[PDB]
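Structure, as structure tokens:
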Amino acid sequence: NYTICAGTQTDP
Amino acid sequence: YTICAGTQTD
Amino acid sequence: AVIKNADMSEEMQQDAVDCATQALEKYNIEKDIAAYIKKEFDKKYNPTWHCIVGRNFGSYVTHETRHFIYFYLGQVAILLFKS
Amino acid sequence: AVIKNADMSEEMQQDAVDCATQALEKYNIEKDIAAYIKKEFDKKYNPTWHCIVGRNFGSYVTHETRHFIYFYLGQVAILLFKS
Numbered sequence: 001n002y159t160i161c162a163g164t165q166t167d168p
Numbered sequence: 002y159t160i161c162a163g164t165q166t167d
Numbered sequence: 006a007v008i009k010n011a012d013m014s015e016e017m018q019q020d021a022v023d024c025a026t027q028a029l030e031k032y033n034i035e036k037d038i039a040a041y042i043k044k045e046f047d048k049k050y051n052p053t054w055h056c057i058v059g060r061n062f063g064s065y066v067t068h069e070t071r072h073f074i075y076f077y078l079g080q081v082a083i084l085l086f087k088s
Numbered sequence: 006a007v008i009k010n011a012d013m014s015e016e017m018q019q020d021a022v023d024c025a026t027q028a029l030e031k032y033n034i035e036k037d038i039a040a041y042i043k044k045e046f047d048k049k050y051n052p053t054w055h056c057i058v059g060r061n062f063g064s065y066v067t068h069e070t071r072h073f074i075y076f077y078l079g080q081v082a083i084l085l086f087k088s
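Chains as they are written, first to last, in the authors' numbering: chain C, 1 to 2, 159 to 168; chain D, 2, 159 to 167; chain B, 6 to 88; chain A, 6 to 88.
Structure, rendered in structure tokens:
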């Protein structure tokens with residue numbers, strides 16, 4: 001298992 | 002089976 | 006809800022729309038909305054899903070057949086697919 | 006080029022930036038920019054990459070460790086990851 161979750165958000 | 162797909166907002 | 010492009014059962018398409026609808030009621034930040042939808046689909050349809058939510062973006066992705074939907078809820082676009 | 010978040014070797018990061026730079030010089034539309042980057046990375050670093058390019062979007066995804074980068078080039082945000 002080589159996976160992880162991540163999230164992104166653009167700047168305002 | 159896998160497919161490539163593109164999307165574009167209007 | 007306007008479906009722009011789908012490779013997905015009519016049933017799962019409905020579920021994607023309902024899921025996004027619930028997420029938009031709970032959250033107003035794109036990342037949180039995407040996380041809600043991704044996590045719910047991972048739980049209901051197994052990993053691994055990815056979700057992108059936003060008004061302005063383009064994408065190029067690879068998806069398993071029958072596991073891809075790109076739709077608008079009003080003016081916000083949602084991309085949800087399984088790798 | 007502003008890296009906002011990464012889990013990626015410094016050499017692969019520079020390649021993502023260079024590839025995105027080439028994509029922006031050639032293509033005007035985000036989907037095409039994304040496609041160029043995605044395709045170069047599948048070729049150079051094996052499938053399966055996914056690329057999102059935009060000014061207003063949030064995401065929640067699952068990536069293989071060492072294969073995730075999220076950065077701005079000018080006013081354009083680029084998310085590139087392997088799953």
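Note that CB positions come from ideal geometry on N, CA and C, so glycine has one too.
Uninterrupted alpha helix (DSSP H) stretches at least 4 residues long and entirely within the segment 11 to 75 of chain A occur at 15 to 31 and 35 to 50, given in chain order. Boundaries for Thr-166(D): no beta strand (DSSP E) harbours it, and the DSSP string shows neither H nor E there. Counting along the chain, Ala-6(A) sits inside no beta strand (DSSP E), nor does DSSP assign it H or E at all. Taking a beta-carbon distance threshold of 8 angstroms, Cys-24(A) does not count as an interface residue toward chain B. Residues of chain C with a Cβ closer than 9 angstroms to the Cβ of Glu-45(A) do not exist; the shortest Cβ-Cβ separation is about 20 angstroms.
DSSP places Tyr-77(A) within a strand segment (E or B) once states are collapsed to three.
For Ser-14(B), the closest of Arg-71(B), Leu-78(B) and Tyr-77(B) by C-alpha to C-alpha distance is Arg-71(B). Annotated as proximal: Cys-56(A) and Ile-42(A), with beta-carbon spacing under 8 angstroms. Per the C-alpha coordinates, the member of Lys-9(B), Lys-87(B), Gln-27(B) and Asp-12(B) positioned closest to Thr-53(A) is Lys-87(B). Inclusion of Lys-36(B) and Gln-165(C) in the CB contact set at 8 angstroms is warranted, their separation being smaller than that value.
Taking all protein chains shown into account, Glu-30(A) has fewer than 16 neighbouring C-beta atoms within 10 Å of its C-beta and is therefore exposed. Per the coordinates, the alpha-carbon of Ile-160(C) lies some 14 angstroms from the alpha-carbon of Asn-10(A).
Taking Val-22(A) as the centre and dropping the five residues before and after it, the same chain places the C-beta of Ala-6, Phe-76 and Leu-78 closer than 8 angstroms to its C-beta, in chain order.
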